[PDB]
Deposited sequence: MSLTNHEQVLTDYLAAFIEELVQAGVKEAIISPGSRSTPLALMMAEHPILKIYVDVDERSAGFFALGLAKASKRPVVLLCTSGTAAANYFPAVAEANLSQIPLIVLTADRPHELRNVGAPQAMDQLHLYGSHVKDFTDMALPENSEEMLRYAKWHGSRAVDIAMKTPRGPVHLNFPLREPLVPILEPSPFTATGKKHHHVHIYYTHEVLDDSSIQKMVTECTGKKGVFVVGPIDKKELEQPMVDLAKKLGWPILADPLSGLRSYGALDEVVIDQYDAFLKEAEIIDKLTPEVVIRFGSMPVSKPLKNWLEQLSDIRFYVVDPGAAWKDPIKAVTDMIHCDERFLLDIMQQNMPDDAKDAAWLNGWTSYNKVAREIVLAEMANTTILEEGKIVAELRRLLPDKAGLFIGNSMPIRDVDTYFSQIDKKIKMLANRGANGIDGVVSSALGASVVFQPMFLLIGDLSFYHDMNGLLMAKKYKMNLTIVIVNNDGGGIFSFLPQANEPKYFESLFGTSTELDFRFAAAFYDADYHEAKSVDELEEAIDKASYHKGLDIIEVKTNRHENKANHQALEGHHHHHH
């Protein structure tokens, strides 16, 4: 019934439900108004905490951690411009379907839009870029209002984790004094399914047709193998994006095509490889010549599998929009599509151009923006993570990273793209996948340079490769963040750097000028 108890009961009810609904990590930024929420989250036994004093960096850190783990991740910042720094990562989380619980501390009603210090309008702060907005009540501790606090904690995580996944924003007006009572201590998975009538139409329509699988960047785990099996069963090629995982799932394969970016630039190859059906999985692939090829082809059956109804199709090519779970579709197609449907000449044609274009690529790579990918492909461990920057590193990983027999989790921010926040993204992802590697340009590296503090203060393992095409001497940046600096001037100098980097748990930075 006293002010500080009221504040403690209210927040504890909320925070307890977040953890009980699956939040294990919180990414906190400090400030006056965020203090009571930060202190009480710290007191929670199960809940782990990371402190990032740059809110922009905190947002991308949370993003990367939630993208890699499929876990809902809390953000917490104070009132004022701090909340606005979450915006780039929230917009990214929106488009890449990443479950961020963004909690913004705020002034109380008597201090809202009144000219108070550290205070701005935080109602619908991120606009359409969140799944849900809640302006929470001022702290109360009645039976009704405590259950309300629990209810909103459960709803936040549920909405964020329900497909299509995405960011959820909760605004907390907090009235002074913000001193909580810490002594004594205050402390169902659904998927989309197609109908039996609806699967029969699809099965019959492409039962003996020349089809192509197109897989772009995809979220879901262990979808590599059953996809490979189906394409093998049908005799269909898979045009696999580097971010699909099919180019690095730990096995060599007879259906995965990886040189399509090269050979679809040529006009006669465009004509000869013309399919009857196309089935898309995941986002759109990064390849512009593939994009232009899929745009050009008409009078085909263009399926896209989109369980979240996000309507990602910048080509407007869709004929049949499929709103179901990817693993479900692959399994029913593995059970119901015939075995005797195999045309050997169809797959053969695709694999032939693929073998030919591999030679054209490998004839040049014994001489450096393409050779850096090729050297990285060989030097990487059998189980590793690779975050790729959105500039030139993503176009060169499409050309010079063919299929390898190592398990490599490849991650990029492919929603709203952008050169911002990719260091913190990689660093958040490094909590899940080890060892973590970052192929990055100099512009992106500078942009999110101060996110390297998280690697220093939490003793994280990340190997950074900077393609500096370009006035900046990055040795001083390395020394500042306690990083081991390496300058690779040759192919052999890169080999020594990678070997040294995997040898110690810590931050490594390899600059290639």
- Note on the structure: The record leaves without C-alpha coordinates the deposited-sequence stretches 1 to 3, 191 to 202, 383 to 386, 490 to 514, 558 to 578
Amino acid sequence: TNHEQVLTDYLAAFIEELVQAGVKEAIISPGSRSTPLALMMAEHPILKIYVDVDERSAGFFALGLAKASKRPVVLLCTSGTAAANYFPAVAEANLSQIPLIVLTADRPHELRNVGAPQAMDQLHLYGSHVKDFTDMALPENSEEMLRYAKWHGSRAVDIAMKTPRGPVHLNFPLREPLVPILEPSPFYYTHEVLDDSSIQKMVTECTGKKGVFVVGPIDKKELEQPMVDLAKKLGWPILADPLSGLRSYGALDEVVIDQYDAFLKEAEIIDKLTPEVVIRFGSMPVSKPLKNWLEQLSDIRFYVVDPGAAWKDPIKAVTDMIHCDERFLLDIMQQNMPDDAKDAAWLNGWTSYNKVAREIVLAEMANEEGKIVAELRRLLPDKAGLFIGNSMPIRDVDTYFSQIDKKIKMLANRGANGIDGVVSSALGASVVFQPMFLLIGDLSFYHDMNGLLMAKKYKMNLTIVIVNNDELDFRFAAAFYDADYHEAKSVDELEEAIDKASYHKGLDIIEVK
From here on, numbers count along this sequence of modelled residues.
- Avg C-alpha B-factor, entry values, 9 to 17 vs 488 to 496, higher side is 488 to 496
- On average, are the C-alpha B-factors higher in 101 to 109 or in 404 to 412? 404 to 412
- Query: Per the entry, which of 187, 387, 133, 311 tops the list for Cα B factor?
  - Reply: 187
- Using the entry's values, work out which of 297, 125, 137, 90 has the largest Cα B factor. 297
- Task: Tell me, lowest, middle or highest third: where does the Cα B factor of residue 254 rank within its chain?
- Result: middle
- Note on the structure: residue 446: CA B-factor among chain residues, third -> middle
- Query: Lowest, middle or highest third: where is residue 38 by C-alpha B factor in its chain?
  - Reply: middle
- Query: Lowest, middle or highest third: where is residue 472 by Cα B-factor in its chain?
  - Reply: highest
- Where does residue 281 sit by CA temperature factor within its chain: lowest, middle or highest third? lowest
